[PDB]
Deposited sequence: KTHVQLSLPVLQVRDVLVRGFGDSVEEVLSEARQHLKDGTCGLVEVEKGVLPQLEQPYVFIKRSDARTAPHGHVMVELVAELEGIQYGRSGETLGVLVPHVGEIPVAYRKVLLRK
């Protein structure tokens, strides 16, 4: 399918144990997509002070359309040194590996895969 319905665990930034997906834009997009498929991907909501506590390159989920069955349609965009790879809408959060942290909420998304 071109899209897949997922419910992402929302994590507090200070709880996150693995603070990024890798060391290049291509690698983080690849690993984010794999973790999304495997159910091992968390979401951190972006506020002041959040991104400096995580590791670049960042992977964002951004809104791609203006929400079937409550799932916001999203796509992935990476960022490294102020340059973004991908073009999309508002940021819903930054993705990180999930390795068992306890979430504060869930964000329902329809991921363009």
No C-alpha coordinates anywhere in a stretch? Then put that deposited-sequence range on the list, in order along the chain. 67-68
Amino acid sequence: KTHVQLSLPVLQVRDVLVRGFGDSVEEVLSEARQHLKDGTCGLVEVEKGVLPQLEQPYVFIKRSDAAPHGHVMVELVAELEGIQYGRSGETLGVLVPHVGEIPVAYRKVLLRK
From here on, numbers count along this sequence of modelled residues.
34-42 versus 70-78: which one carries the higher mean Cα B factor per the record? 70-78
Given the B-factors recorded for C-alpha atoms, which segment has the greater mean, 20-28 or 93-101? 20-28
